Amino acid sequence: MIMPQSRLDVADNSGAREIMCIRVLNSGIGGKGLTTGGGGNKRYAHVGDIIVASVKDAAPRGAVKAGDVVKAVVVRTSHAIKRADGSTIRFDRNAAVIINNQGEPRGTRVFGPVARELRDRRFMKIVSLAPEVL
Amino acid sequence: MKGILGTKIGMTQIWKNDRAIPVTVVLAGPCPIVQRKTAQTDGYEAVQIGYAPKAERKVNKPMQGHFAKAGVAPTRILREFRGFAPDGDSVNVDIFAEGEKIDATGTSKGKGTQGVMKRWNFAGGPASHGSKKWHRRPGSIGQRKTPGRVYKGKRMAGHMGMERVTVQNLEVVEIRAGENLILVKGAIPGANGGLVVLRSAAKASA
Amino acid sequence: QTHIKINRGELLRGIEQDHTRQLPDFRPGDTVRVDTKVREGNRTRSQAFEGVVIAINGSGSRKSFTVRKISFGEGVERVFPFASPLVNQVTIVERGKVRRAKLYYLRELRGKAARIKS
Amino acid sequence: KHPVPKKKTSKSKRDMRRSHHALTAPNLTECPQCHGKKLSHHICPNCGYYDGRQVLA
Amino acid sequence: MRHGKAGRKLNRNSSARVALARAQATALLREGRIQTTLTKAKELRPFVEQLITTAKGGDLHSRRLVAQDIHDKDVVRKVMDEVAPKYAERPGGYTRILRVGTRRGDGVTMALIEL
RNA sequence: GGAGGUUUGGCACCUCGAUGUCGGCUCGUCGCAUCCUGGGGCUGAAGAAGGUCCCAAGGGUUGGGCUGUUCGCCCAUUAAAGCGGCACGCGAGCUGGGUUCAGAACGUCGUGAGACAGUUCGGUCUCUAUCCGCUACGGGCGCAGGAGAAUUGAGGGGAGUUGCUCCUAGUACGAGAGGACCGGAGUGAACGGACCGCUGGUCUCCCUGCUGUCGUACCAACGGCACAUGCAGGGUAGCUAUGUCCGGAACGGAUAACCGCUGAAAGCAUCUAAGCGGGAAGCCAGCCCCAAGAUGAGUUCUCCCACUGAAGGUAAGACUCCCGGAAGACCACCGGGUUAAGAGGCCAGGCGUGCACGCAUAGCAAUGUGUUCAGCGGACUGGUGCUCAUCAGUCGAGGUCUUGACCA
RNA sequence: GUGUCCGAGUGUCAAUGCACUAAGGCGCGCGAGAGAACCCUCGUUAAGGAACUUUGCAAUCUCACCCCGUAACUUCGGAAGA
RNA sequence: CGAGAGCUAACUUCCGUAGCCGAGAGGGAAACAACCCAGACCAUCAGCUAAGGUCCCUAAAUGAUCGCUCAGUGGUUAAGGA
Ligand SMILES: CC[C@H]1OC(=O)/C=C/[C@H](C)[C@@H](O[C@@H]2O[C@H](C)C[C@H](N(C)C)[C@H]2O)[C@@H](C)C[C@@H](C)C(=O)/C=C/C=C/[C@@H]1CO[C@@H]1O[C@H](C)[C@@H](O)[C@@H](OC)[C@H]1OC
Ligand SMILES: [Mg+2]
Ligand SMILES: [Mg+2]
Ligand SMILES: [Mg+2]
Ligand SMILES: [Mg+2]
Ligand SMILES: [Mg+2]
Ligand SMILES: [Mg+2]
Ligand SMILES: [Mg+2]
Ligand SMILES: [Mg+2]
Ligand SMILES: [Mg+2]
Ligand SMILES: [Mg+2]
Ligand SMILES: [Mg+2]
Ligand SMILES: [Mg+2]
Ligand SMILES: [Mg+2]
Ligand SMILES: [Mg+2]
Ligand SMILES: [Mg+2]
Ligand SMILES: [Mg+2]
Ligand SMILES: [Mg+2]
Ligand SMILES: [Mg+2]
Ligand SMILES: [Mg+2]
Ligand SMILES: [Mg+2]
Ligand SMILES: [Mg+2]
Ligand SMILES: [Mg+2]
Ligand SMILES: [Mg+2]
Ligand SMILES: [Mg+2]
Ligand SMILES: [Mg+2]
Ligand SMILES: [Mg+2]
Ligand SMILES: [Mg+2]
Ligand SMILES: [Mg+2]
Ligand SMILES: [Mg+2]
Ligand SMILES: [Mg+2]
Ligand SMILES: [Mg+2]
Ligand SMILES: [Mg+2]
Ligand SMILES: [Mg+2]
Ligand SMILES: [Mg+2]
Ligand SMILES: [Mg+2]
Ligand SMILES: [Mg+2]
Ligand SMILES: [Mg+2]
Ligand SMILES: [Mg+2]
Ligand SMILES: [Mg+2]
Ligand SMILES: [Mg+2]
Ligand SMILES: [Mg+2]
Ligand SMILES: [Mg+2]
Ligand SMILES: [Mg+2]
Ligand SMILES: [Mg+2]
Ligand SMILES: [Mg+2]
Ligand SMILES: [Mg+2]
Ligand SMILES: [Mg+2]
Ligand SMILES: [Mg+2]
Ligand SMILES: [Mg+2]
Ligand SMILES: [Mg+2]
Ligand SMILES: [Mg+2]
Ligand SMILES: [Mg+2]
Ligand SMILES: [Mg+2]
Ligand SMILES: [Mg+2]
Ligand SMILES: [Mg+2]
Ligand SMILES: [Mg+2]
Ligand SMILES: [Mg+2]
Ligand SMILES: [Mg+2]
Ligand SMILES: [Mg+2]
Ligand SMILES: [Mg+2]
Ligand SMILES: [Mg+2]
Ligand SMILES: [Mg+2]
Ligand SMILES: [Mg+2]
Ligand SMILES: [Mg+2]
Ligand SMILES: [Mg+2]
Ligand SMILES: [Mg+2]
Ligand SMILES: [Mg+2]
Ligand SMILES: [Mg+2]
Ligand SMILES: [Mg+2]
Ligand SMILES: [Mg+2]
Ligand SMILES: [Mg+2]
Ligand SMILES: [Mg+2]
Ligand SMILES: [Mg+2]
Ligand SMILES: [Mg+2]
Ligand SMILES: [Mg+2]
Ligand SMILES: [Mg+2]
Ligand SMILES: [Mg+2]
Ligand SMILES: [Mg+2]
Ligand SMILES: [Mg+2]
């Protein structure tokens, strides 16, 4: 569960380290890139939901510097996620990974395992770069 | 229309194919056909049938004679199903087939006298930023002088519980025929072991 | 509330037992679940969780165990029902000495020296 | 704050309020093994028998 | 609500609930009968029956399991060597209540508890 | 030219033996001059996105930074971030930031005491609800006999939102880029009900570990106090969300703007003047819940009958009391009450804890191993007559009359 | 509220502190049930972490002793338990 | 009714004038100090009338005759249109 003010850790090498969320969305991956809408009142990003955020600390030398507005997608809840079989997964630390408005990541490689729900939301590009799913 | 009575037993895990699902086990045991109400002799069409036999020593005489018209053992519960005209006795197998939607009606669990934050999802009010309605309290209750009224219908502390509740489009997961059990997808209301009734969907949506 | 004379317990257990499988007795040492996952489109795939077993919960169909790994730097944990069809097989790797049934302290430790005894 | 009642309450409405304070006479019943009366599911105060003699006195 | 919980506070805290149970145990074991309020007697019966069945094991473990609740040694010997072997034949149900009726001061309905 | 009364006002009518005032918070409900959604007309409407007007109030209308703010600005989203009323709704509901009591300081005015609706720090918001009104829960009585149980629904409520994607179909349209109506399939969001199998919360003495100090003679082993659990570590049943399942709907009817059929008054034309058909998230019905104190008191099935002198023993049948209950403040409801598994206990199983005491051994010892998947035990599932539901008591029908029909 | 004097022990760097307790003294002159809403003093809390709000107000968090290490600035003492 | 002041606003304010109210009961105007009728000495289970009325509430013609409006106009305005 992501909410505004919840800092998350970037899952890529785009060159920010920490991004405080500022909105949950409700759009997926469409054929015109990312979708719009879904209703604008949802209040919890779970794994595989897009979420605007302000970058808080970044790396010196970086595509993304500090303070910039960026749409991340989330790959690592501390909260549990539960499959259609009854598995549960949880990760010690929350983590997200920045993107551009087509769903393509903005870093070279994703860093640490991503949830498999990303595969359910046709986020193919992110999950290609990821050392493990689950 | 078609329906039967039974008792909620408990909840469980289940695997249809590989998808784990929560089912609820009702026991819909055989029901005698006590009284066949027809509009030509009762003004409306219905059937009344029984569940959970009662020891004949515990019956009143009038109820022994009510059942005794029908050749039926005393049963602690009788109920009526509108538009329903079976034959013999209402076994649960014959009434249901696996996967069909069935409304599930039972009596909600009585939680007694409940506040507004619990009963109506009220907001609460700060738990530290000054008050002494720290939680719980409904706040204001009306306008002012014009309508001096507080609206009829107004939501308030009260008996949150014990309501009859219907729950729509539950899915028959499985039918054990010779046990008179019946699995239903997801939850039904009640304390365990309360009466409940299973019926055809009130709205057969496409 | 109807008042049948009924064993609620054996009634449940009779339908909860078709859906109960048993596997290798343990609790708290390290383990490898060889699971299927098929979310890969239509084709099927294996995948391997190996971590400490930190808890045992449930019975019959509802029984489920909790295993904890560190994969690529980040800690991971997971709850498998013993009954789950997407859990093909489970093998131990080594028995652990442990004074206690839960091992939630492993969450706070996350070092090499925060191991399980042999 | 400080609610108070408005108009003094009348004799009649007061009595309708007290309409429920009627006391309920105990269902007394005489001891089979003695003279006197005894409360049901208790020992006879006078004799002390609940079936033999149960209390001392 | 208590839609399944079990017990009673007796208008007191945890340690008080506890000493009261332990000490009325000690008394009705010391003395075979006592008279006390009807509530508190219904309270006492399952406690003290559990305890006599603890003492029905014979063993040093059973006597130490009783010694923890009954810290006057002489009652521990009574319940252990005198009373539990007596109830040897009894499948549970080592106590009864009859109700003596109502007290004057507070208008409580007191009762007797014996074995 | 009108309308509405939400603004700044005017006026001074009730209120100075008191009508608490701005903002927030909490609850809401209403209007419609309609922010979204639905149905339309015209369009400088190809398509798509629009403009603007008409009908439409069922529901819905986001979260943050700035300031006491309302407002406004901005962030980032949205189907949309509607406008007002209800003492600028709501302090016997809450705050107390603003402003408006005493302190003090600054600027400005005054020779001075002092001052400005200029500023700045600070500054007591009163346990007990009679009535009406509102949510719950009983008692009495009524319903032309006395009773157990099932019911019809007069008539009352709740619910009512929508986005996105896909198919149709890259078709109609379009030079092209773009790109549909209608119909069909799916998937979320927020909200609601229920539920506790799952994921977790908590479970104040169910199990364990820890310290100090007392105490059980001492050692061992335990208890007490360290909170009203000493602290920590887990935690079953219950209760619960962030957790699960369900929902909004379709079909129907009459309708608003609108669109038409037949068609005159005027041998044309015209949806109307007689007549008829089509048309909305709205009205009625349809879904779920209440309900015959619907004194208009309803129906059906069954039982006891016709007793003795308004009364009294009584039948059918309730209650009192006892024991309890996923029922509850009390009441009430549900179960059992000896032709009895109602609860307790006891036994077996479940689940929680995690290897008890003691003894053996290892080792200077701290401690380690075995016996020991041990020991212990709240609420869980069943059995079992070991304990309590003993004895009893109390109440409870003889059914008015008139008219009409059917029977000897 | 009320001036002066004496005020033991165990442990804890120390102490008249804190916890348990000797002596001594007392359970505070309505009780008993029950385990609704609400209210007061409290314990734990998923995920998030100040989003709350006039203001982080309140409640956390920090906690004693020992060793190491500590800035801008300075009136050379200090800031410093940084 | 006649003026001023006001916006040819006000249950506004200030004068002239008549009447009512103050000090006034009774019938009408659903209700209503001011409007319309009518100034209560007392008593009656008597009669004619005023204003206002005559379908039922609710006393009294579902009165009569020539029309007018098919809008519930009646039972809330205007410029303007038909
Ligand atoms: C009840 C709590 C206090 O409440 C108060 O202080 C409450 C006072 C109320 C609110 C006041 O009334 C208000 O006055 C406004 C100017 C107008 C307002 N409305 C109506 C427009 C009106 O409500 C006060 C002045 C009214 C009366 C009741 C009064 O003078 C009260 C005096 C005493 C009141 C109370 C006295 O409190 C005192 O405070 C000390 C700190 C206490 O230790 C104790 O002193 C012995 C206590 O008693 C004097
Ligand atoms: Mg910038
Ligand atoms: Mg709150
Ligand atoms: Mg008020
Ligand atoms: Mg009004
Ligand atoms: Mg009124
Ligand atoms: Mg924990
Ligand atoms: Mg007050
Ligand atoms: Mg008390
Ligand atoms: Mg035992
Ligand atoms: Mg007054
Ligand atoms: Mg007043
Ligand atoms: Mg309109
Ligand atoms: Mg539109
Ligand atoms: Mg278009
Ligand atoms: Mg609205
Ligand atoms: Mg409003
Ligand atoms: Mg105003
Ligand atoms: Mg106001
Ligand atoms: Mg203030
Ligand atoms: Mg000067
Ligand atoms: Mg300030
Ligand atoms: Mg108070
Ligand atoms: Mg008080
Ligand atoms: Mg009648
Ligand atoms: Mg109806
Ligand atoms: Mg009514
Ligand atoms: Mg469509
Ligand atoms: Mg709910
Ligand atoms: Mg649990
Ligand atoms: Mg010792
Ligand atoms: Mg010990
Ligand atoms: Mg002590
Ligand atoms: Mg002490
Ligand atoms: Mg604990
Ligand atoms: Mg329709
Ligand atoms: Mg028409
Ligand atoms: Mg039609
Ligand atoms: Mg709809
Ligand atoms: Mg009689
Ligand atoms: Mg009862
Ligand atoms: Mg009974
Ligand atoms: Mg007996
Ligand atoms: Mg039983
Ligand atoms: Mg040992
Ligand atoms: Mg317990
Ligand atoms: Mg049992
Ligand atoms: Mg038997
Ligand atoms: Mg000294
Ligand atoms: Mg000392
Ligand atoms: Mg010392
Ligand atoms: Mg001290
Ligand atoms: Mg003294
Ligand atoms: Mg005392
Ligand atoms: Mg507290
Ligand atoms: Mg928390
Ligand atoms: Mg943090
Ligand atoms: Mg805020
Ligand atoms: Mg602050
Ligand atoms: Mg301040
Ligand atoms: Mg503070
Ligand atoms: Mg320097
Ligand atoms: Mg220095
Ligand atoms: Mg320091
Ligand atoms: Mg003028
Ligand atoms: Mg005037
Ligand atoms: Mg004047
Ligand atoms: Mg005068
Ligand atoms: Mg006069
Ligand atoms: Mg007059
Ligand atoms: Mg009038
Ligand atoms: Mg009149
Ligand atoms: Mg007057
Ligand atoms: Mg007058
Ligand atoms: Mg007037
Ligand atoms: Mg006139
Ligand atoms: Mg006349
Ligand atoms: Mg006349
Ligand atoms: Mg008349
Ligand atoms: Mg005109």
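Residues numbered from 1 in each chain as written, not as in the entry; some residues may be left out. Chains lettered and ligands numbered in written order. Part of a larger assembly, values for the part shown. Heavy atoms only, no water. Residues with missing side-chain atoms left out of burial classes, pairs and counts.

Its PDB header names X-ray crystallography as the technique used to obtain the model and reports a resolution of 3.4000 Å.

Chain E is annotated in the PDB entry as 50S ribosomal protein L17 from Deinococcus radiodurans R1. The record lists the entry's title as "50S Deinococcus radiodurans ribosome bounded with mycinamicin IV". UniProt annotates chain E under Function with the comment "Binds to the 23S rRNA." Recorded under Sequence similarities, the UniProt text for chain E is reproduced unchanged: "Belongs to the bacterial ribosomal protein bL17 family." (UniProt positions renumbered as here; feature names shortened; annotations may be inferred.)

Per the PDB entry, the recorded name for chain B is 50S ribosomal protein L3, and the organism is Deinococcus radiodurans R1. Here chain B is described in UniProt, under the heading Function, as follows: "One of the primary rRNA binding proteins, it binds directly near the 3'-end of the 23S rRNA, where it nucleates assembly of the 50S subunit." Quoted verbatim from the Sequence similarities field of the UniProt record, the comment on chain B reads "Belongs to the universal ribosomal protein uL3 family."

Engineer: How should I be thinking about the state of the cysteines in this particular structure?
Structural biologist: By definition, a disulfide links the sulfur atoms of two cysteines through a covalent bond. Residues and elements named next belong to chain D. Evaluated as defined, the whole model comprises 1 disulfide over all chains. The residue that forms a disulfide with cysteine 44 is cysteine 47, at a sulfur-sulfur distance of 2.1 Å. Taking the torsion about the sulfur-sulfur bond, which here is approximately 125 degrees, the covalent link between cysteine 44 and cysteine 47 counts as right-handed. Accessibility classification places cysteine 44 together with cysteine 47 in one group, the buried group. (Disulfide = S-S within 2.5 Å. Buried < 20%, exposed > 50% of the residue type's maximum accessible area, 1.4 Å probe, protein only.)

Engineer: Would you explain the interface of chain C and chain B in this entry?
Structural biologist: Interfaces are frequently sized by the accessible area removed from exposure as the parts join. Facing the 20 residues of chain C at the interface are 23 residues of chain B. Broken down residue by residue, the surface that chain C buries against chain B is led by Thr2, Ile15 and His19 of chain C, which jointly contribute 30%. Here chain C and chain B share 1 salt bridge between them. One salt bridge in this structure joins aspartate 18 of chain C and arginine 176 of chain B, with 3.2 Å as the shortest N-O distance. Between chain C and chain B we count 6 residue pairs in polar contact in total. Looking at the side of chain C that touches chain B element by element, the count peaks at 6 residues for helix α1 (residues 8–16) of chain C. Looking at the side of chain C that touches chain B residue by residue, the class counts come to 9 nonpolar, 7 polar and 4 charged. (Contact = heavy atoms within 4.5 Å. Buried area = accessible area lost by both parts, 1.4 Å probe. Salt bridge = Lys/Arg side-chain N within 4 Å of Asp/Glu carboxyl O. Polar contact = N/O pair within 3.5 Å; in protein donor to acceptor, adjacent residues only side chain to side chain. Helix = DSSP H or I, 4+ residues; strand = E, 2+ residues; numbered from the N terminus. Nonpolar A, V, L, I, M, F, W, Y, C, P; charged D, E, K, R; others polar.)

Engineer: What exactly am I supposed to notice about the sheet that holds strand β5 (residues 50–58) of chain A here?
Structural biologist: Paired through backbone hydrogen bonds, the strands of a sheet run either parallel or antiparallel to each other. Residue and element names in this part refer to chain A. Pairing within the closed barrel is mixed, and its 5 strands lie in the order β1-β2-β5-β6-β9. Across the sheet, the mean angle from the axis of one strand to that of its neighbour is 55 degrees, orientation sign disregarded. Inspection of the sheet shows strand β1 (residues 7–10) paired to strand β9 (residues 95–99) by 2 bridges, in the parallel sense. The residue of β9 that forms the bridge with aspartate 9 is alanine 95. (Pairing = 2+ DSSP bridges. Axes fitted to C-alpha atoms, helices over the stretch in contact; angles between N-to-C directions.)

Engineer: I'm lost on the pattern of salt bridges in this one. Help?
Structural biologist: Pairing is possible between side chains that carry opposite charge, provided their charged atoms lie close to one another. All chains considered together, the criterion is met by 36 salt bridges over all chains. Notably, a salt bridge pairs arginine 14 of chain D with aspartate 15 of chain D, separated by 3.1 Å at the nearest N-O pair. Taken together, the salt bridges that share partners define one network made up of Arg116 and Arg119 of chain A together with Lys37, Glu40 and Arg45 of chain C.

Engineer: How should I be thinking about the packing of helix α1 (residues 14–31) of chain E against helix α4 (residues 73–87) of chain E in this particular structure?
Structural biologist: Two quantities define a packed helix pair, namely the angle between the helix axes and the distance between the axes. Residues and elements named next belong to chain E. Packing of α1 against α4 brings their axes to within 9 Å, and their N-to-C directions diverge by 65 degrees. In terms of crossing hand, the pair formed by α1 and α4 is left-handed. Here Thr26, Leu29 and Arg30 of α1 lie close against α4, whose contacting residues are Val75, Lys78 and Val79. (Left-handed = near helix turned anticlockwise from the far one by under 90°.)

Engineer: Even after reading the chapter, I still don't get the layout of surface pockets, so can you show me in this structure?
Structural biologist: To find the voids left in a structure, one rolls a probe of water-molecule size over its atoms. Residue and element names in this part refer to chain B. Taken as a whole, the largest pocket holds about 600 Å³ of empty space. Together, 26 residues line the largest pocket, and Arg79, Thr105, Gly106, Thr107 and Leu195 are the ones closest to its centre. Among the elements of the structure, β1 (3–16), β5 (75–82), β7 (101–107) and β12 (195–200) are those that each provide at least two residues to the lining of the largest pocket. Take the lining of the largest pocket: its biggest share by element is 5 residues, from β5. (1 Å grid on protein atoms, 1.4 Å probe; cavity = no way out; pocket = protein on both sides within 12 Å on 5 of 7 lines; lining within 4 Å. Points joined across faces, edges and corners; volume = space filled by probe spheres on them.)

Engineer: Honestly, the protein's contact with RNA strand G in this entry has me stumped. Any pointers?
Structural biologist: Of all residues adjacent to RNA strand G, which total 29 residues, the nearest are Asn94 of chain A, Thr113 and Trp134 of chain B together with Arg8 and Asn11 of chain E. Near the protein, within 4 Å, the atoms of RNA strand G are sugar or phosphate in 67% of cases. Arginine 7 of chain A places a main-chain nitrogen or oxygen 3.2 Å from a phosphate oxygen of RNA strand G. Between RNA strand G and the protein, one listed contact pairs a phosphate oxygen with a side-chain N or O atom of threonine 37 of chain E at 3.1 Å. Of all elements in the fold, only β8 (113–114) of chain B together with α2 (38–55) of chain E reach the threshold of two or more residues within the surface near RNA strand G. Split by residue class, the surface near RNA strand G holds 6 nonpolar, 14 polar and 9 charged. (Near = heavy atom within 4 Å.)

Engineer: Which parts of the structure should I look at to understand the side chain of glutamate 16 of chain C?
Structural biologist: Mapped onto the elements of the fold, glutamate 16 of chain C is located in helix α1. At 3.0 Å, the side chain of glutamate 16 of chain C forms a polar contact with the side chain of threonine 12 of chain B. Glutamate 16 of chain C has contacts with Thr12 of chain B together with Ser59, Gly60, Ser61 and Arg62 of chain C, leaving out every residue within four places of it along the chain.

Engineer: Please explain the protein's contact with RNA strand F as it appears in this structure.
Structural biologist: What surrounds RNA strand F is a group of 159 residues, the closest being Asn41 of chain A, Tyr44 and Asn169 of chain B, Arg99 of chain C together with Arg2 of chain E. Near the protein, meaning within 4 Å, the atoms of RNA strand F are sugar or phosphate in a fraction of 78%, with bases accounting for the rest. Take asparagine 169 of chain B: an N or O atom from its side chain is 2.3 Å from a phosphate oxygen of RNA strand F. A distance of 2.8 Å is found between a base nitrogen of RNA strand F and a side-chain nitrogen or oxygen belonging to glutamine 1 of chain C. Of the residues in the surface near RNA strand F, the class split is 42 nonpolar, 64 polar and 53 charged.

Engineer: Which parts of the structure should I look at to understand the pairing of strand β8 (residues 88–91) of chain A?
Structural biologist: Where a strand is regular, its side chains alternate between the two sheet faces. Two elements, strand β7 (residues 81–82) of chain A and β8 of chain A, share 2 bridges in a ladder whose sense is antiparallel. Considered in β8 of chain A, the bridge of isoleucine 81 of chain A is made with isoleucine 89 of chain A. Between β7 of chain A and the antiparallel strand that follows it, β8 of chain A, lie 5 residues; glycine 86 of chain A among them carries a positive phi value of about 115 degrees. Inspection of the sheet shows β8 of chain A paired to strand β4 (residues 74–81) of chain C by 4 bridges, in the antiparallel sense. Along β4 of chain C, the bridge assignment pairs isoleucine 89 of chain A with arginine 78 of chain C.

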